[PDB]
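Next up, structure tokens for two forms of one chain, structure 1 and then structure 2.
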Structure 1
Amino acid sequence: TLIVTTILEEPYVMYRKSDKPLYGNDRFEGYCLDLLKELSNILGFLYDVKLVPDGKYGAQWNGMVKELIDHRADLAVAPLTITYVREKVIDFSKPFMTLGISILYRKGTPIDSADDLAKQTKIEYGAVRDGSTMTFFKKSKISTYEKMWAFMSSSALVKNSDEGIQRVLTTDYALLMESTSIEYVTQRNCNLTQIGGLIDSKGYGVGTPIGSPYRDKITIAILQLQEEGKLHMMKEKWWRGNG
């Protein structure tokens, strides 16, 4: 009965491996599908997974945020960052995942933090042109990140994350991006590693239209899953690589 809007994004939402046509919600698998099953089991509801038409997360509105605003979806279950501008138009459950910006670089170097990159110019580094990561640096008033923005600002920016990862693999370049993706990539490419910890902090939350009768029910369920260790189990399940 509940319409869930989401977006194809590895390993949150992916098509089950198969060479034949797949039907229904079961054609999808991933972290967010497992989370949805857990939520539906706790709250006791049926659901219909729909892919947001424009394939966008939500900016101003479009994407999943718009689907919720227009009430075409009851929930948005995806790695949707809880932000100031979004929280004003939709509601978010408490975070089912906490993350932040971090660094993707090749293993085997003495570089161990953002500071190490900030105090040199041999190694180039940047982020996806005009993304929230680039904006973070442009607006930061913190010493380390101001220096980094000055460097980035002075060809160090990339078209998208995929190109950024290739840049890291084919040149002496460090990429700044969402940490969850960095963990996913490093678990699959032993030549790459995360440099330092989280540069900023944010979380992913399940989205609902403002005033939804499921808002608090979902937060409670998430806290239950968090405390039972199920969110940790799910993260490990979909992120762990072959070592």
Structure 2
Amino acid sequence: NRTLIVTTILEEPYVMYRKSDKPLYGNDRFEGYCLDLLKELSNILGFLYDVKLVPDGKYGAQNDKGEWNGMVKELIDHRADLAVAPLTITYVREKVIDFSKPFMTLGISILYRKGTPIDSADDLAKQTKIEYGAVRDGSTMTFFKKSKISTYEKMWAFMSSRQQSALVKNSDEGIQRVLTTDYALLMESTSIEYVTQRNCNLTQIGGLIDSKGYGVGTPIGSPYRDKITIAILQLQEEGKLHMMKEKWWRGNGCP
């Protein structure tokens, strides 16, 4: 009857600080898609838990020494029983940790101002006037860093160049950069949808350049590993995941 440690990260509208004049403590301090998800899992599988924000505020990437950081690291060193956040399922990650069936699908795309002639990653990679980058130490950064596709290698050379600092610490910083300067942020599509519907001067440029999903993470060889995936299929089957997405993404839109 262990009380599980859940590693996660701040990211709208997956995990956010609950607004209240009543100083909150514990898991009550947070709310969002992922917390509703963790709550469902908690009830479907009957387990206790304590939400812990990843110390370094990173999603997780492997440096030069093959050393991991972020939530991925927290799982590897068994400092967390599971990770419940917008954690991207990737091949390189599956080498060191486990992922449940996906609870949400998405893909890398481009967030930029509207009304410009830019229409694709190619239009971005061929030029240098418009600055562009991604969140440091995330699956999108490594996608470009390790790509063998000519276009993306050229983009990585630009966003990682010494001439400048094209990468951003987190999504907020990236978004602010797009709104105040001539910058395009390569970001995952479900967040681009969220951001553009709340910033009508912004838009997605082109379509998704890859296709993947978010899954619950657990240390390889975890006893919960199978139950988690079962509960996910149940939530998906019952239309529950769809309801949760709609609940947190609902808004006035752009007209």
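FYI, numbering is relative to structure 1, first residue = 1. Between two forms, the rigid core is defined as the largest C-alpha subset superposing within 1.5 Å.
Rigid-body motion between structures 1 and 2 puts a hinge in the chain; from the set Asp200, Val168, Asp54, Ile142, that hinge position is held by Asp200.
Of the two rigid parts of this chain, the smaller turns against the larger by 29 degrees between structures 1 and 2, per C-alpha superposition. Once the two forms are overlaid on the core, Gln187 shows a Cα shift of 2.5 Å between structures 1 and 2. For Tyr204, the Cα deviation between structures 1 and 2 after core superposition amounts to 0.2 Å. Overlaying the rigid core between structures 1 and 2 leaves the Cα of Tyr173 displaced by 7.7 angstrom.
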